[PDB]
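Here the structure is laid out as structure tokens; the discussion comes afterwards.
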Amino acid sequence: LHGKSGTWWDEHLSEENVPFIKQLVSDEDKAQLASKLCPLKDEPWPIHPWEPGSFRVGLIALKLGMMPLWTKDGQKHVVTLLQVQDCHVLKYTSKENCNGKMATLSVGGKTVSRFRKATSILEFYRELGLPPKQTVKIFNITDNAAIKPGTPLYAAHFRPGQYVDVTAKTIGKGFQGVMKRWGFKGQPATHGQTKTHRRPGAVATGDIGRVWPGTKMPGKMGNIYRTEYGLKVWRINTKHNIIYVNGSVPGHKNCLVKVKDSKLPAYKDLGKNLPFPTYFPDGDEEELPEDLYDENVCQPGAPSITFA
Amino acid sequence: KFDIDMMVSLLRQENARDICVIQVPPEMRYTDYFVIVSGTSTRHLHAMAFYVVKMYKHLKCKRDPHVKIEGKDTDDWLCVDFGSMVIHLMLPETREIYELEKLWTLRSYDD
Amino acid sequence: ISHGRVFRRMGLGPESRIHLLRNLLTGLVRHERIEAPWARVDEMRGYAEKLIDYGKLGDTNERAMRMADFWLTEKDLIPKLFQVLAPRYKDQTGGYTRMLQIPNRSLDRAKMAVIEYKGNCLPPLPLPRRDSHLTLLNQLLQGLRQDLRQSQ
Amino acid sequence: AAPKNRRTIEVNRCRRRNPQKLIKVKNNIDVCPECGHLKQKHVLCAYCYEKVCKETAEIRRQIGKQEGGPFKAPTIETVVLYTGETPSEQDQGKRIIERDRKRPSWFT
Amino acid sequence: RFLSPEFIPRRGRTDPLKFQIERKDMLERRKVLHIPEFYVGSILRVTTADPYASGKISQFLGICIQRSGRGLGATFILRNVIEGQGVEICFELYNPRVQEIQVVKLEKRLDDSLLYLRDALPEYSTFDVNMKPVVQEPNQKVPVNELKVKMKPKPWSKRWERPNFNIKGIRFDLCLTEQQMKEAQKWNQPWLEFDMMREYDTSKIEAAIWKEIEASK
Amino acid sequence: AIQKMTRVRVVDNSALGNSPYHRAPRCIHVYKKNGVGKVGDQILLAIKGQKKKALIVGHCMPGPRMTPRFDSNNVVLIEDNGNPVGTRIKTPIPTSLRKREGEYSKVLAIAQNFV
RNA sequence: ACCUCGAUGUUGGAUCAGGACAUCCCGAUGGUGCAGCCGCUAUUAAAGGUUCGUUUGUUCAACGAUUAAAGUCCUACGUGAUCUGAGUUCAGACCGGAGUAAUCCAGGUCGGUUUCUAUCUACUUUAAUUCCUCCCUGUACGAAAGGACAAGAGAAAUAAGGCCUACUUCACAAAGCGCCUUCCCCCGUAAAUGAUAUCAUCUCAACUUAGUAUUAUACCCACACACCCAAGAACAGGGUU
Ligand SMILES: [Mg+2]
Ligand SMILES: [Mg+2]
Ligand SMILES: [Mg+2]
Ligand SMILES: [Mg+2]
Ligand SMILES: [Mg+2]
Ligand SMILES: [Mg+2]
Ligand SMILES: [Mg+2]
Ligand SMILES: [Mg+2]
Ligand SMILES: [Mg+2]
Ligand SMILES: [Mg+2]
Ligand SMILES: [Mg+2]
Ligand SMILES: [Mg+2]
Ligand SMILES: [Mg+2]
Ligand SMILES: [Mg+2]
Ligand SMILES: [Mg+2]
Ligand SMILES: [Mg+2]
Ligand SMILES: [Zn+2]
């Protein structure tokens, strides 16, 4: 009666109109996604060649899961599956306004419902001509690597043998005691201990008469952004846009991970052979195989490896 | 190449006091050649082991990983394990007390 | 941490939870409409659906008979389950129950729900009805639909 | 541990009049177009539900009178019929619960 | 129709596309290596290339005591006693270095897990290394070996008598007293077989997986 | 995983290993920064009231796939220099010992069976 | 004998540690009665690290086995509103001793209640290390014995941060016993040219190098019902096409 009623898109729609609206909006979303499938024919920004010190954009993938993988030396590596789902460049900002001195590209992925987004975001995506994305992450790039907003990105933007950094929100474990959160030893189970088995011991000394900032105490654990550095890209499924990244990645299954070329010094200038701005399937220079493998990967279907 | 022929040639060149070779059958999952050699003393053993190892290192097979020298601290028994062959350098008393010959020819028919 | 935990912790433990849900389900099978705390109804809805499936499996099926024997504490309801409810839903594949929120219980202000088996003889619940297709918004959307159908 | 000082009314007001403690205004309340009663959007109308519960209770009392004893659940469907109603063709072979009042408008 | 266990996924929130990809790899490896049908309790001989040697194969014969894992990482652990020393090996089915899997004796046991053979007498784990493969008729249900093993003294790796294990292949009457059995019944949990929400229905999943396998063929 | 105080079985031809004693051989020290011994790790051992080094050649604790898990914590007695005390090893010895860092050629030579 | 005798035993241990450097290890240097390895000594360095057991209540200590090392200290001999009460301390009792006795004892021994629901302050998410093996190389050095630097690769281990494909505890998920990743330095000196003092002189002379923190980054960045959730105590957060 006061007028601040919270409405959702379905509230006043009739039974006949609900399915019609669903179908109409989904069709619009897929049409918008298809419209961007040919970027090189849509006034692409200048495609400069790679130079040393050039940093290109990354992707926003979805952590599908994990699986084993075997290398020709016979070793097993656990690899994690990162699917690129409707990853697009959304925004470009210059060095001056990037909050630093390096250009920035915003990239989004995992299209989401337009009925569940703020009006400002909906307007931004309407101007961009794309359906809204679940997460938008900012990548620092050199001007050489600028890509026109709206361009799609694909798993083949990376290549096997490359090293990558994956950043994501770790699994949220809620308020966790000190033993689980910081690996404190706790106190003995028996031998007299009364009501102290998992408690922090002394939290400080008596002299300071306070607790130092940054003291390890019980509190919320997980659900924070962490980055795994230097994960090898073992394989790329171009058909489904899957990247097979060595080892573990932060966050749960079906969580969006930000994937970028590794910043480790050892992999400083390995971007010579990688698609510099990005991989453009529309370029059609050579339609990539369904699966790109690293040299050492024991591909399935190969004759059983014999260490002769 | 670096094969058992090279092994035996080098060992005879340095004049091992006794040499023996066993052809390990494939079904045994260790190696192809089991060389057992006696020597005069620990100094002689070390000299010949170092010599054969240098020859392996310098001869060929860059892609083949390097090779340990086991038994350096002990004086009566050294051993070097190559990709497909293993050499056991020792003294006569060690050889006669360990009877590797019977072990590696009569797999389950000795004491 | 309870990631992926799908079962509420009810009653005095696991066995007590099963017994509480069993009593609720027996009441549901007997009366075809039951009021109970919302969480308990939500937990028991899956079991109600599974009972309808087991009743569909058939009277002569030994496993279905054992399941019904366990889950229906009053044994006069087992013939009812196998000869009234299951034949009633033979056509449907699911969604045998209708669960709606009810004003909070006056006693302890608990979140309350009414769960019924669809097609019962009882008076219909005041179901929520969407807006009429003749409203202004719905008519404008009908105009969109007709224009889109004509143009494309 | 015991308090070291009495907490002043000023501090206490700052605490217990905080918005986190204030009752929030509900904005999902509306009028039931059927009967014009107030209801929450996601919840059933209290008055309509009371109607249905009372009618259900009467029908169930009739069912109990008809069954006459525990453990007498019928193996056949049930149909409720009000004054001036006759079992239809599909109502054949179903136990009839007879109500002395007239068919409610909301009951169909 | 024997759908190998690793194809059926454990329930979870993981996306079906991950399973499609993993099954694609598993089938495409099966085209190279013939993974025969076998069950917990069947005797298998596994030939695997050793990286420690130089292209030399190693053969291990033993009774499959457990089938675990799903997808490409699926394993089966099989047991034996060599010179009186009980040895178990967990073999990864799709490891590129298993040259062959031979079902020397295809048979099912009363239990889906024979881990209690560790506590059973050594005779029940002993199998001739050079035993010759038996032959089963092309059209024939897999034999179910109703052998009930005798256990060694009570201190066991696990409390096998407890109901939660649901062991049917142990002669408990021989080693445990009626009092001990009654005490073990304190963990019965009879409701656990009747909670209908705990059951995992995989009919549709198996049908889809079979369609995928046939398409791969 | 052989820690301190684990009772280990001497799978060896040695008189120390095979001689009766009122106390079973116990690990006194694991020659590893974390006192957890796996296959290929050395350990001190209290045998017959004597301290003797020995080599782990199998244990009940599961290891990486494709490697054998034994029913007992098997150990081979070795001298301080490294020469095995016994001259024969009867029970199977895992082949994984070969490529592990450290000297194992003597033990493999003495071994009769491999698994 | 200055604060506290108007409810604070004490010692050890547990937990968690903050700090000093007068450095135990790791780093960089000068000298050496340092040929090499090694030590001895001194300068600099506090980023990091600094074991497990038997006896004993023990701090210490001895012993056993290790380690790169098992540092010296302060913090109310840090820390009992976090724990424990083994020594010692209260009421019981012995041994020995003193005392006429009552009793007592810096001694030996057996036993002996450890409360607190947190009002305020404070606080509760701030670029790894070592060792071993190998290459260099049983090369330098050395008569031999012995045995390097520097640089690089591989293995582990630990620490930190994550994760579940496998294994294991288990089971729609949480865990470790499992797996994955971990990135630059710090300055003591040694030199070049060169005056005061026409040589020389590394220079609290001007000047030229080793010489670098001006951490490099990375991370995060969308002003504006109900249900479900890998998000969560509430709240918040994400999804509902
Ligand atoms: Mg503990
Ligand atoms: Mg307690
Ligand atoms: Mg409760
Ligand atoms: Mg056990
Ligand atoms: Mg003694
Ligand atoms: Mg005075
Ligand atoms: Mg006071
Ligand atoms: Mg100093
Ligand atoms: Mg003091
Ligand atoms: Mg005391
Ligand atoms: Mg007294
Ligand atoms: Mg006393
Ligand atoms: Mg006492
Ligand atoms: Mg007592
Ligand atoms: Mg206390
Ligand atoms: Mg408290
Ligand atoms: Zn109403």
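No Cβ is skipped: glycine too gets one built from the backbone with ideal geometry, and neighbour counts run over all protein chains shown. What follows draws every value from the coordinates through simple rules; no lab data is involved.
Take the eigenvalues of the Cα gyration tensor for the range A:127-270, scale each by 5, and report the square roots as semi-axes in whole Å, largest first.
43, 18, 17
In a solvent-free Debye calculation with one equal scatterer on each Cα, what is log10 I(q)/I(0) for chain F at q = 0.10, 0.19 Å⁻¹, listed in the order of the q values?
Debye output, listed in q order: -0.24, -0.94.
Counting pairs of alpha carbon atoms under 8 Å apart in space and at least six apart in sequence, what relative contact order in percent does chain A give?
Computed over chain A, the figure is 25 percent.
If amide hydrogens are placed 1.01 Å from N in the peptide plane, which non-local residues have theirs closer than 5 Å to the one on A:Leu62?
Distant-sequence amide H within range of A:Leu62: A:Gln83, A:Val84, A:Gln85, A:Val257.
Cα-Cα over 24 Å: which of A:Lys117/A:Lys169; A:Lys76/A:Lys137; B:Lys54/F:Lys53; A:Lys22/C:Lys90? Write out the running numbers ahead of the final one.
Numbers: A:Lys117/A:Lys169 21 Å; A:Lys76/A:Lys137 32 Å; B:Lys54/F:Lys53 32 Å; A:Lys22/C:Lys90 31 Å.
As for pairs spanning more than 24 Å Cα to Cα, those are A:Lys76/A:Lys137; B:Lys54/F:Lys53; A:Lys22/C:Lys90.
Springs between alpha-carbon pairs under 10 angstrom, Gaussian network model over chain E: which of E:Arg11, E:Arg162, E:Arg30 fluctuates most?
Highest fluctuation among the options: E:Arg11.
Please rank F:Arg9, D:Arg15, fewest neighbouring Cβ atoms within 10 Å first, as an exposure proxy. Could the numbers behind the result be given before it?
On the way: F:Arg9 17, D:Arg15 11.
The order, fewest Cβ neighbours first, is D:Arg15, F:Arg9.
Where a Cα-Cα gap under 18 Å defines reach, which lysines qualify for B:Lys102, not counting those fewer than 8 residues away within the same chain?
Qualifying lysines at Cα under 18 Å: F:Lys90, F:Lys106.
Would you order B:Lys68, C:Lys75 from fewest to most other beta-carbon atoms within 10 Å of each residue's own beta-carbon?
Fewest-to-most Cβ neighbours within 10 Å comes out as C:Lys75, B:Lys68.
Considering only C-alpha atoms, what is the centroid distance from the range A:147-173 to the range A:32-61, in Å?
14
Most fluctuating residue of E:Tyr52, E:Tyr200, E:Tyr94 in a GNM of chain E with Cα springs under 10 Å: which is it?
E:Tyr52
As a test, work out the antiparallel percent of DSSP beta bridges whose residues both lie in chain B, rounded to the nearest 5.
Expressed as a percentage, antiparallel bridges in chain B total about 65.
5 Å is the cut-off here: which amide hydrogens, built 1.01 Å from N in the peptide plane, fall below it relative to A:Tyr92, excluding neighbours closer than 5 in sequence?
A:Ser106
Give me A:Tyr293, B:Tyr109 sorted ascending by neighbouring Cβ count inside 10 Å, so fewest comes first.
B:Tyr109, A:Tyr293
Step through the residues of the range E:51-63 one at a time and calculate ³J(HN,Hα) from phi using the Karplus curve (6.51 cos²θ - 1.76 cosθ + 1.60, θ = phi - 60°), rounding each to whole Hz and writing x for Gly and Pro.
x, 5, 8, 10, x, 10, 9, 10, 10, 10, 10, x, 7
Roughly speaking, what is the centre-to-centre gap between the range D:52-69 and the range C:31-57 when only Cα atoms are used, to the nearest Å?
One Cα centre to the other: 22 Å.
With every atom except the alpha carbons ignored, what do you get for Rg and Dmax of chain A, in angstroms?
Final numbers for Rg and Dmax: 24.4, 82 Å.
When the Cα centres of the range B:40-111 and the range F:21-65 are compared, how far apart do they sit, in Å?
Going from one Cα centre to the other spans 26 Å.
Under the definition of Cα pairs under 8 Å and six or more residues apart, what whole-number percent is the relative contact order of chain F?
24
Give me a single rounded figure for A:81-92: the average over its residues of other chain Cβ atoms within 10 Å of their Cβ. Intermediate values should be presented prior to the final figure.
Numbers: counts 6, 0, 4, 0, 1, 0, 0, 0, 0, 0, 0, 0.
That works out to 1 on average.
Counting only C-alpha contacts under 8 Å and six or more residues apart, can you give the relative contact order of the range E:120-217 as a whole percent?
About 23 percent, as a whole number.
Using alpha carbon coordinates only, what is the Rg to Rh ratio of the range D:27-108, with Rh defined as the Kirkwood radius?
1.09
Give me, ordered by chain and number, the residues 5 or more places off E:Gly86 or on other chains with an amide H under 5 Å from its own placed amide H.
F:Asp71
So what are the radius of gyration and Dmax for the Cα set of the protein assembly as shown, in Å?
Rg and Dmax of the protein assembly as shown, Cα atoms, are 37.2, 125 Å.
Report the Cα-based extents of chain E along its three principal axes, largest first, to the nearest Å.
Ordered largest first, chain E gives principal extents of 55, 48, 37 Å.
Where does chain B land on Rg(C-alpha)/(2.2 N^0.38 Å)?
That works out to 1.04 for chain B.
Between their Cα atoms, which of E:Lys132/E:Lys152; A:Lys173/A:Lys216; E:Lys56/E:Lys217 are more than 23 Å away from each other?
E:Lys132/E:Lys152; E:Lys56/E:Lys217
Need one number for the range C:10-120: average projected area of the convex hull over its C-alpha atoms, nm².
Mean orientational projected area (the range C:10-120, Cα hull): 7.0 nm².
Which value at 222 nm does chain A reach when only helices count, each DSSP H run of 4 or more adding -39,500 (n - 2.57), with the total divided by all residues and rounded to the nearest 500 deg cm²/dmol?
-3500 deg cm²/dmol
Would you work out which of A:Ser248, A:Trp182, A:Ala61 lies farthest towards the positive end of the dipole of chain A, given +1 charges on the beta-carbon of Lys and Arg and -1 on that of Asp and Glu, about the Cα centre?
A:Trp182
About its Cα centre, what dipole magnitude does chain B give when the only charges are +1 on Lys and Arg Cβ and -1 on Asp and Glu Cβ, stated in debye to the nearest 20?
720
Using a simple charge model, +1 on the beta-carbon of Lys and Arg, -1 on the beta-carbon of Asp and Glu, nothing else, what dipole does the protein assembly as shown show about its Cα centre, in debye to the nearest 20?
That gives a dipole near 4680 debye.
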